[PDB]
Amino acid sequence: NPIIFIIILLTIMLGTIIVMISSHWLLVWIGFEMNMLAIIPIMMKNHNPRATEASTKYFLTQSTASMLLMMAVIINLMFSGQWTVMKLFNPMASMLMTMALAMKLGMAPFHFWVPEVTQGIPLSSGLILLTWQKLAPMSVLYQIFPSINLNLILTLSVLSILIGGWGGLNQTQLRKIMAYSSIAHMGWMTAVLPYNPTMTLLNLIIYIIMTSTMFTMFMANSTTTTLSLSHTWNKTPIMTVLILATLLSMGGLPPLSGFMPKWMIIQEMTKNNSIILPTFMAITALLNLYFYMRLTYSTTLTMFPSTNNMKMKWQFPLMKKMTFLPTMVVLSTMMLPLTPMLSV
Amino acid sequence: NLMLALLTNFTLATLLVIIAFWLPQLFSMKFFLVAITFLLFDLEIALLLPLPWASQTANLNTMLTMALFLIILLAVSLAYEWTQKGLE
Amino acid sequence: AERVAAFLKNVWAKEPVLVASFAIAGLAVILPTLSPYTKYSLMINXXXXXXXXXXXXXXXXXXXXXXXXXXXXXXXXXXX
Amino acid sequence: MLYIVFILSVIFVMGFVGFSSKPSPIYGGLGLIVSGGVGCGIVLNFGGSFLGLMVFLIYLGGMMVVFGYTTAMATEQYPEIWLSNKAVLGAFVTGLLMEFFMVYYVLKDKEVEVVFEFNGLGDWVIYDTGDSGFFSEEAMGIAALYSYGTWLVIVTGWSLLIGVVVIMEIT
Amino acid sequence: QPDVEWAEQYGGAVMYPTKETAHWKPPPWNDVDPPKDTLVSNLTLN
Amino acid sequence: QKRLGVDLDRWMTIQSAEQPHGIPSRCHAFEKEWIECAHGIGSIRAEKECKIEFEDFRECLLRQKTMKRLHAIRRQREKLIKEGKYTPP
Amino acid sequence: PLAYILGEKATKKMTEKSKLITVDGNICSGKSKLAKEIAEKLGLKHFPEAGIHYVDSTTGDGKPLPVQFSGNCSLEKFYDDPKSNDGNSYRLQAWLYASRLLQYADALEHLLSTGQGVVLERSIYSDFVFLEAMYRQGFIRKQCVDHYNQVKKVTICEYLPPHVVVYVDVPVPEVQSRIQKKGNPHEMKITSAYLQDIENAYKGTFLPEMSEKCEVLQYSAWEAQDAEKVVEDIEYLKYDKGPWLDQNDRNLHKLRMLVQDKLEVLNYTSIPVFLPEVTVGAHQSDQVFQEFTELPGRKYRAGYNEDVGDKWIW
Amino acid sequence: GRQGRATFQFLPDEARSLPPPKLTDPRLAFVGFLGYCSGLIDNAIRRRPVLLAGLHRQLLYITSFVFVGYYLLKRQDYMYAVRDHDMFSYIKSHXXXXXXXXXXXXXXXXXXX
Amino acid sequence: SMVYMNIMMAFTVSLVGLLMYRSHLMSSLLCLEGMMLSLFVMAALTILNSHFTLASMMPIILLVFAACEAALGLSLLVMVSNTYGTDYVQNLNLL
């Protein structure tokens with residue numbers, strides 16, 4: 001595909017800009033549906049039966065998500081009648097606002113599409129456009145941080161790490177593990193929103209970079225654990241060392257800068273007399289680490305995936321941000337712990 | 001009344017159907033693209049609807065730059081359609 | 001001419017309706033900026049009062065008089 | 001007789017009863033003709049003739065017409081009768097009993113609801129407006145404008161450029 | 001040291017055995033093939 | 001807003017703003033109180049200082065307080081059936 | 001490769017009087033080598049048949065790699081007299097398939113960039129004839145053939161156009177006498193039933209190859225070794241309503257991007273399914289990969305290397 | 001905590017550019033080490049001989065992390081000062097909220113063993 | 001109050017109608033049209049009663065984006081009928 005693929009990709013970039021730079025309620029409504037028209041062609045790409053099934057499952061869940069969001073916009077005319085994105089002014093519209101944004105994100109009750117959508121994506125270039133897409137509903141949630149009830153956000157954040165922590169244990173597909181770490185990390189996202197809206201934006205920065213480092217290192221084609229197994233000996237051994245720095249960082253480990261969200265999310269919550277919730281956060285986070293525990297053994301060990309066919313010609317992929325971003329993803333906890341102020 | 005004008009037309013239309021029945025005693029996916037283009041052009045026409053309706057009061061220097069712009073992209077969409085459209 | 005004389009007469013021979021699609025639509029963009037006649041249309045458009053007039057309380061003010069015919073205010077008299 | 005909007009609103013929900021029920025896409029397609037056409041009248045009663053006729057031009061003059069094509073493309077020929085279909089009639093009978101049973105409580109004006117809002121009289125306060133304006137008024141006399149909302153014209157144009165390009169790449 | 005038996009136990013299917021999921025077959029290595037058999041395939045006129 | 005629109009205008013969002021010609025809002029006078037009350041951050045986080053001006057503004061759009069009142073008159077009008085009832089018009 | 005919006009584009013100054021002509025089906029003896037060498041007047045480039053040393057010859061640096069480092073215990077002399085109990089049999093064929101996939105990817109890249117007539121000696125679509133004939137007698141296990149078919153379904157479907165002209169050679173069953181006449185001690189003393197089964201399987205394989213809308217032409221032994229007869233038939237017969245005829249904007253570019261890098265095309269060739277014959281052991285493969293790094297071929301980079309070139313450090 | 005009298009467009013405020021910037025700080029050097037580290041593993045993923053002695057596009061990798069890191073630290077020096085300034089001004093204005101307690105020698109229980 | 005007790009009820013009925021299935025995937029997209037139709041009426045009544053004048057353009061824009069989804073999602077439905085025989089919810093491959 002020539003220029004038209006870049007134009008479609010630029011309209012997702014432009015689509016989230018309408019969401020970011022906004023004041024009107026129908027303006028963000030357009031911004032969400034600008035993405036809906038633009039992700040689907042990249043979802044298809046290679047003319048697959050899996051791609052047709054994934055896109056239809058992606059659309060029918062996210063089209064209903066937007067129409068539930070528009071109901072919250074119309075109730076904002078029923079009561080008050082002000083079309084400025086600041087507060088919902090309703091105990092009813094706030095319910096239909098948070099649950100609609102939960103549909104677009106990987107939050108607890110509306111998570112079922114996430115693993116099956118990720119499987120149907122043809123290439124690693126399309127796999128980024130779900131992790132980057134989650135910036136759009138998060139940007140609205142930052143704007144309407146008050147007037148939203150704790151009983152139907154924090155319950156959806158706690159359950160998502162529970163179902164995320166058990167949702168990747170019986171899975172071997174590399175796309176499916178990344179799809180359930182998405183559900184796992186979204187619980188750490190929305191838990192901060194009541195206890196200071198700050199650090200939610202920084203949690204995005206850590207997550208989006210760390211997820212993009214994975215798929216750019218998955219440019220050497222691998223879909224399963226057994227296909228990423230034949231990489232230690234048949235392919236380059238230095239590549240297994242750099243993926244190890246990204247696998248272990250996604251779980252809660254302090255020498256790596258993937259502990260930098262788990263630094264402040266617990267810290268800000270403990271300030272507001274809540275200890276029983278951050279305990280439940282950190283223990284369930286070990287189940288998220290446990291996926292990468294068995295996935296590190298694919299790279300650290302021999303595991304016998306030799307294969308008679310040996311590659312002599314050197315691999316030439318895109319690798320656009322595959323060098324600059326993992327250096328920041330591995331070490332930033334010693335570099336910038338004062339970056340909380342710089343981001344938000 | 002508008003309802004009095006509507007119902008009288010429909011009731012006499014159904015009355016002719018009563019005369020028509022009671023009184024006697026004895027595949028191809030290419031055509032889908034037409035419907036796609038039609039529906040997408042309707043909304044651009046729907047946005048170009050208030051032209052002889054909003055131009056009476058509003059500023060002309062602000063409108064003319066935007067009014068032509070909708071018809072331009074309505075032709076730019078057709079410019080993309082020209083490069084391999086179909087046999088139909 | 002390399003394409004001014006070459007790629008014009010070919011367009012007349014091969015689909016001359018496409019000439020009309022660029023020329024008439026082209027004149028629709030260029031001519032409104034060039035013509036010194038668009039200024040008159042804006043004058044009467046603002047002059048036409050759809051809403052009711054409002055009276056302002058004057059305390060030492062110029063260019064304002066009574067509702068009767070007097071040399072005051074705007075009141076456009078462009079070509080009768 | 002005295003009510004104008006409230007009688008049409010019942011027929012509006014009655015169309016949607018055929019959407020909660022699944023009487024095959026052909027009979028469900030007839031729902032958008034009934035509920036859509038009546039849906040114009042609900043808009044038309046409060047004023048704004050332009051906005052009421054938008055459903056006639058787009059939903060009834062495009063949307064369901066294109067939806068008429070896809071019913072012939074997939075799941076075509078014959079629609080199965082909803083009387084013979086199991087649970088489809090069950091969803092239909094439970095759907096009407098959520099509305100028709102409620103109307104009996106709307107009688108004598110005020111009614112108890114799941115929400116805090118009550119029904120009321122809906123005859124004198126049905127219009128909710130006195131005289132308001134005069135010439136080119138009624139809120140939708142000058143409804144749509146390219147002026148002031150210049151940004152919204154561009155973004156609508158962007159999405160309609162996307163639509164033509166994207167569907168071509170899908171098929 | 002890990003062998004071929006360890007790779008078979010951690011084989012790409014469902015990780016751990018389950019009573020509910022047994023018919024769930026593993027996907028192909030790259031790009032799944034559709035059931036192309038039994039289609040419309042050029043309609044006839046009489 | 002996550003990112004502010006500086007040196008550019010694309011608002012026209014709030015009620016009782018710049019009119020298309022001169023057409024007023026149905027609740028124009030009530031927001032002339034509401035916007036003037038809550039222009040600072042004092043009654044934005046607490047929302048207690050402008051509670052008096054919000055209740056009357058909520059009454060403007062819904063008309064629920066008048067709806068309960070007019071129903072009470074209509075019920076008592078129905079109570080006058082076969083009693084001391086009089087109709088001037 | 002990525003930015004093709006400028007001058008460089010697919011089917012620009014190409015795809016006219018330039019077509020992929022595959023010379024395949026030589027039964028057992030090297031009969032296709034004579035026909036491909038004769039067809040050099042019309043065709044610009046003629047690639048030799050892929051063997052054990054081809055993978056090191058291409059992309060590497062001139063001289064082929066040793067038998068221990070290039071293909072783990074893989075030799076053509078072992079398949080000359082095939083025996084049971086931990087032998088080659090299938091793993092040489094899997095290496096042979098990988099080399100033939102590599103030469104086709106290079107030839108198709110040579111066709112798209114600068115349009116030239118490419119002649120190939122036994123392509124991918126003739127490989128299953130070479131395998132199934134060995135399977136008819138007791139040589140290869142049943143599970144290994146199904147492993148091959150899994151590679152067959154993935155690697156081929158990446159390439160949208162198969163061939164333009166396919167040449168068919170059907171010789172006499174006395175072709176073993178012609179193989180004995182040729183000066184080859186390794187190729188001699190091969191099974192006569194194996195060569196007979198190879199010709200029998202090819203007759204049922206040529207029919208779907210001809211039905212795939214590619215111009216198939218049959219030739220006899222008397223018709224063979226003719227420079228004038230073969231070239232005139234190639235020019236007169238025009239390819240019509242074939243899978244080769246595709247859109248230059250969408251189909252040709254996606255084909256060119258996949259064939260641009262050798263590692264991207266061979267990524268699907270490596271299967272995760274464990275097989276005892278396809279070399280599973282990692283302990284000896286660790287030293288074998290270390291020996292390749294110790295070798296003064298590539299080892300350090302894709303192009304420049306120490307004690308080989310390097311004009312500048314930057 | 002949250003933003004009050006601050007607006008977007010151009011990351012530093014420029015109106016409050018009074019505090020001195022970071023000059024040859026140890027924080028700048030560690031990001032400079034990360035800029036060097038990003039110029040080491042680029043020759044590891046894309047196969048190039050010797051991470052220390054290879055191609056000299058590493059100068060771009062050092063400068064970019066220093067350049068972005070300098071403005072990032074300038075944002076850090078600004079925002080920490082403003083957060084402190086609004087904290088000090090809140091105590092000075094209200095006074096009744098922050099209470100002072102001084103001079104105490106209160107009795108406490110002594111633990112055995 | 002009076003009318004809003006029906007058009008909100010019609011929205012909740014269509015909300016059930018989307019998520020409930022009898023194998024037909026065409027009926028779900030048909031209900032997505034109804035969902036936007038119910039959102040159209042609910043927005044119209046709020047803008048027309050409280051004379052906004054400026055907000056009257058907003059449901060017209062909403063009508064455009066109603067048809068944006070109810071065509072591009074409808075085009076994907078055709079692609080299901082190209083790969084498979086007839087469109088069904090039961091006919092799936094993803095795990």
# chains A, B, ... in the order shown; residues from 1 in each chain; ligands from 1
call {"tool": "select_by_dssp", "arguments": {"residues": "chain F", "states": "helix (DSSP H, G or I)", "output": "number ranges by chain"}}
result
F: 28-37, 51-62, 64-79
call {"tool": "residues_around", "arguments": {"residues": "region 11-15 of chain F", "least_positions_apart": "5", "cutoff": "7 Å", "atoms": "only C-alpha atoms", "output": "list in words"}}
result
residues 23, 24, 82, 83 and 84 of chain A
call {"tool": "interface_residues", "arguments": {"of": "chain E", "to": "chain I", "cutoff": "9 Å", "atoms": "only C-alpha atoms", "output": "ChimeraX atom specification"}}
result
/E:24,34-36,38-40
call {"tool": "write_last_selection", "arguments": {"atoms": "N, CA and C atoms", "output": "tab-separated table (two decimals), in the first residue's frame"}}
result
chain	number	residue	atom	x	y	z
E	24	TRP	N	-10.31	-27.67	21.01
E	24	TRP	CA	-9.64	-26.44	20.60
E	24	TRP	C	-8.24	-26.73	20.03
E	34	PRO	N	-8.79	-20.03	4.76
E	34	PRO	CA	-10.25	-20.14	4.89
E	34	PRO	C	-10.82	-21.42	4.25
E	35	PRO	N	-12.00	-21.89	4.74
E	35	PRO	CA	-12.71	-22.97	4.05
E	35	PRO	C	-13.28	-22.50	2.70
E	36	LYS	N	-12.46	-22.63	1.66
E	36	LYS	CA	-12.79	-22.18	0.30
E	36	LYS	C	-13.80	-23.09	-0.41
E	38	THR	N	-17.16	-25.40	-1.11
E	38	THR	CA	-18.61	-25.13	-1.07
E	38	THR	C	-18.95	-23.63	-1.03
E	39	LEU	N	-18.99	-23.03	-2.22
E	39	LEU	CA	-19.34	-21.62	-2.41
E	39	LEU	C	-20.38	-21.47	-3.53
E	40	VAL	N	-20.69	-20.22	-3.89
E	40	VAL	CA	-21.62	-19.92	-4.99
E	40	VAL	C	-21.04	-20.35	-6.34
call {"tool": "atom_distance", "arguments": {"atom1": "CA of residue 49 (chain I)", "atom2": "CA of residue 38 (chain D)"}}
result
18.7 Å
call {"tool": "interface_residues", "arguments": {"of": "chain F", "to": "chain H", "cutoff": "7 Å", "atoms": "only C-alpha atoms", "output": "PyMOL selection string"}}
result
chain F and resi 3-4+6
call {"tool": "write_last_selection", "arguments": {"atoms": "N, CA and C atoms", "output": "short mmCIF file (atom, residue, chain, number, x, y, z; two decimals), in the first residue's frame"}}
result
data_model
loop_
_atom_site.label_atom_id
_atom_site.label_comp_id
_atom_site.auth_asym_id
_atom_site.auth_seq_id
_atom_site.Cartn_x
_atom_site.Cartn_y
_atom_site.Cartn_z
N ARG F 3 -5.00 18.84 26.59
CA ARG F 3 -4.15 19.83 25.93
C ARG F 3 -4.99 21.05 25.54
N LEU F 4 -4.59 22.21 26.05
CA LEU F 4 -5.34 23.46 25.87
C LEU F 4 -5.18 24.06 24.47
N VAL F 6 -4.51 27.18 22.90
CA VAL F 6 -3.96 28.54 23.02
C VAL F 6 -3.73 29.18 21.65
#
call {"tool": "atom_distance", "arguments": {"atom1": "CA of residue 167 (chain D)", "atom2": "CA of residue 250 (chain G)"}}
result
15.3 Å
call {"tool": "atom_distance", "arguments": {"atom1": "CA of residue 73 (chain H)", "atom2": "CA of residue 341 (chain A)"}}
result
9.8 Å
call {"tool": "closest_atom_pairs", "arguments": {"of": "chain B", "to": "chain I", "cutoff": "10 Å", "atoms": "only C-alpha atoms", "output": "Markdown table"}}
result
| residue | atom | partner | partner_atom | distance |
| --- | --- | --- | --- | --- |
| B:27 | CA | I:82 | CA | 9.4 |
| B:29 | CA | I:78 | CA | 8.1 |
| B:32 | CA | I:75 | CA | 8.5 |
| B:33 | CA | I:75 | CA | 9.1 |
| B:35 | CA | I:71 | CA | 9.2 |
| B:36 | CA | I:71 | CA | 6.9 |
| B:39 | CA | I:67 | CA | 7.5 |
| B:40 | CA | I:68 | CA | 7.7 |
| B:42 | CA | I:64 | CA | 8.9 |
| B:43 | CA | I:64 | CA | 5.6 |
| B:44 | CA | I:64 | CA | 8.4 |
| B:46 | CA | I:60 | CA | 8.1 |
| B:47 | CA | I:60 | CA | 8.0 |
call {"tool": "write_last_selection", "arguments": {"atoms": "N, CA, C and O atoms", "output": "mmCIF file, in the first residue's frame"}}
result
data_model
loop_
_atom_site.group_PDB
_atom_site.id
_atom_site.type_symbol
_atom_site.label_atom_id
_atom_site.label_comp_id
_atom_site.auth_asym_id
_atom_site.auth_seq_id
_atom_site.Cartn_x
_atom_site.Cartn_y
_atom_site.Cartn_z
ATOM 1 N N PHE B 27 -24.633 -13.298 -3.739
ATOM 2 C CA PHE B 27 -24.547 -13.272 -5.196
ATOM 3 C C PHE B 27 -24.200 -11.874 -5.708
ATOM 4 O O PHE B 27 -24.933 -10.912 -5.448
ATOM 5 N N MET B 29 -20.937 -9.385 -5.588
ATOM 6 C CA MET B 29 -20.460 -8.448 -4.563
ATOM 7 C C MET B 29 -20.126 -7.049 -5.100
ATOM 8 O O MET B 29 -19.910 -6.117 -4.317
ATOM 9 N N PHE B 32 -22.643 -4.000 -4.438
ATOM 10 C CA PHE B 32 -22.612 -3.491 -3.063
ATOM 11 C C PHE B 32 -21.863 -2.156 -2.940
ATOM 12 O O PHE B 32 -22.212 -1.324 -2.096
ATOM 13 N N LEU B 33 -20.850 -1.964 -3.788
ATOM 14 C CA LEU B 33 -20.049 -0.732 -3.828
ATOM 15 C C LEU B 33 -20.858 0.497 -4.271
ATOM 16 O O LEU B 33 -20.516 1.628 -3.914
ATOM 17 N N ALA B 35 -24.139 0.965 -3.420
ATOM 18 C CA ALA B 35 -24.857 1.328 -2.193
ATOM 19 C C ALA B 35 -23.961 2.033 -1.168
ATOM 20 O O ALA B 35 -24.426 2.909 -0.432
ATOM 21 N N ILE B 36 -22.685 1.643 -1.134
ATOM 22 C CA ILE B 36 -21.669 2.269 -0.277
ATOM 23 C C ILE B 36 -21.410 3.725 -0.686
ATOM 24 O O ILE B 36 -21.435 4.620 0.166
ATOM 25 N N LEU B 39 -24.685 6.105 -0.015
ATOM 26 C CA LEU B 39 -24.878 6.467 1.396
ATOM 27 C C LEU B 39 -23.841 7.481 1.898
ATOM 28 O O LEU B 39 -24.174 8.369 2.689
ATOM 29 N N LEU B 40 -22.597 7.334 1.439
ATOM 30 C CA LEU B 40 -21.508 8.252 1.790
ATOM 31 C C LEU B 40 -21.650 9.628 1.135
ATOM 32 O O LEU B 40 -21.195 10.629 1.695
ATOM 33 N N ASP B 42 -24.734 10.914 0.322
ATOM 34 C CA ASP B 42 -25.953 11.468 0.940
ATOM 35 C C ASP B 42 -25.658 12.438 2.079
ATOM 36 O O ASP B 42 -26.299 13.485 2.187
ATOM 37 N N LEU B 43 -24.686 12.072 2.915
ATOM 38 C CA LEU B 43 -24.302 12.843 4.098
ATOM 39 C C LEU B 43 -23.578 14.137 3.736
ATOM 40 O O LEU B 43 -23.715 15.143 4.436
ATOM 41 N N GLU B 44 -22.809 14.095 2.646
ATOM 42 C CA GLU B 44 -22.172 15.287 2.079
ATOM 43 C C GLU B 44 -23.198 16.236 1.459
ATOM 44 O O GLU B 44 -23.038 17.455 1.539
ATOM 45 N N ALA B 46 -26.320 16.186 2.641
ATOM 46 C CA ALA B 46 -26.979 16.586 3.892
ATOM 47 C C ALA B 46 -26.260 17.737 4.602
ATOM 48 O O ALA B 46 -26.906 18.579 5.234
ATOM 49 N N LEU B 47 -24.931 17.758 4.497
ATOM 50 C CA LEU B 47 -24.113 18.868 4.994
ATOM 51 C C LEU B 47 -24.166 20.081 4.060
ATOM 52 O O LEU B 47 -23.972 21.216 4.504
#
call {"tool": "residues_around", "arguments": {"residues": "residue 7 (chain E)", "least_positions_apart": "4", "cutoff": "10 Å", "atoms": "only C-alpha atoms", "output": "list in words"}}
result
residues 225, 226, 229, 298, 303, 304 and 305 of chain A; 2, 3, 11 and 12 of chain E; 272, 273 and 274 of chain G
call {"tool": "residues_around", "arguments": {"residues": "residue 4 (chain I)", "least_positions_apart": "5", "cutoff": "10 Å", "atoms": "only C-alpha atoms", "output": "PyMOL selection string"}}
result
(chain A and resi 78) or (chain D and resi 6+9+117-119) or (chain I and resi 9-10+41-42+45-46)
call {"tool": "decode", "arguments": {"residues": "region 3-16 of chain B", "atoms": "N, CA and C atoms", "output": "PDB file, in the first residue's frame"}}
result
ATOM      1  N   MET B   3     -52.064  14.975   8.906  1.00  0.00           N
ATOM      2  CA  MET B   3     -52.482  13.583   9.132  1.00  0.00           C
ATOM      3  C   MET B   3     -53.762  13.212   8.381  1.00  0.00           C
ATOM      4  N   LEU B   4     -54.656  14.189   8.217  1.00  0.00           N
ATOM      5  CA  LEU B   4     -55.891  14.029   7.441  1.00  0.00           C
ATOM      6  C   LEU B   4     -55.597  13.869   5.945  1.00  0.00           C
ATOM      7  N   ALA B   5     -54.553  14.553   5.475  1.00  0.00           N
ATOM      8  CA  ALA B   5     -54.096  14.464   4.087  1.00  0.00           C
ATOM      9  C   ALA B   5     -53.374  13.146   3.790  1.00  0.00           C
ATOM     10  N   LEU B   6     -52.609  12.651   4.766  1.00  0.00           N
ATOM     11  CA  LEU B   6     -51.840  11.410   4.625  1.00  0.00           C
ATOM     12  C   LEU B   6     -52.713  10.153   4.652  1.00  0.00           C
ATOM     13  N   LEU B   7     -53.551  10.034   5.685  1.00  0.00           N
ATOM     14  CA  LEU B   7     -54.384   8.843   5.916  1.00  0.00           C
ATOM     15  C   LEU B   7     -55.392   8.556   4.804  1.00  0.00           C
ATOM     16  N   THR B   8     -55.972   9.614   4.234  1.00  0.00           N
ATOM     17  CA  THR B   8     -56.926   9.508   3.116  1.00  0.00           C
ATOM     18  C   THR B   8     -56.299   8.937   1.840  1.00  0.00           C
ATOM     19  N   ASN B   9     -55.021   9.246   1.618  1.00  0.00           N
ATOM     20  CA  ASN B   9     -54.247   8.690   0.504  1.00  0.00           C
ATOM     21  C   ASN B   9     -53.924   7.208   0.702  1.00  0.00           C
ATOM     22  N   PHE B  10     -53.538   6.844   1.928  1.00  0.00           N
ATOM     23  CA  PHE B  10     -53.155   5.470   2.271  1.00  0.00           C
ATOM     24  C   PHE B  10     -54.335   4.501   2.389  1.00  0.00           C
ATOM     25  N   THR B  11     -55.465   4.985   2.912  1.00  0.00           N
ATOM     26  CA  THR B  11     -56.683   4.167   3.061  1.00  0.00           C
ATOM     27  C   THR B  11     -57.337   3.814   1.724  1.00  0.00           C
ATOM     28  N   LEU B  12     -57.307   4.754   0.777  1.00  0.00           N
ATOM     29  CA  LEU B  12     -57.803   4.524  -0.584  1.00  0.00           C
ATOM     30  C   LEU B  12     -56.845   3.675  -1.423  1.00  0.00           C
ATOM     31  N   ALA B  13     -55.556   3.716  -1.076  1.00  0.00           N
ATOM     32  CA  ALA B  13     -54.535   2.861  -1.692  1.00  0.00           C
ATOM     33  C   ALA B  13     -54.698   1.401  -1.266  1.00  0.00           C
ATOM     34  N   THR B  14     -55.010   1.189   0.015  1.00  0.00           N
ATOM     35  CA  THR B  14     -55.301  -0.144   0.561  1.00  0.00           C
ATOM     36  C   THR B  14     -56.668  -0.663   0.110  1.00  0.00           C
ATOM     37  N   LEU B  15     -57.594   0.263  -0.159  1.00  0.00           N
ATOM     38  CA  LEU B  15     -58.935  -0.056  -0.666  1.00  0.00           C
ATOM     39  C   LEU B  15     -58.879  -0.662  -2.070  1.00  0.00           C
ATOM     40  N   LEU B  16     -57.946  -0.168  -2.889  1.00  0.00           N
ATOM     41  CA  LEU B  16     -57.684  -0.700  -4.231  1.00  0.00           C
ATOM     42  C   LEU B  16     -57.075  -2.106  -4.198  1.00  0.00           C
TER      43      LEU B  16
END
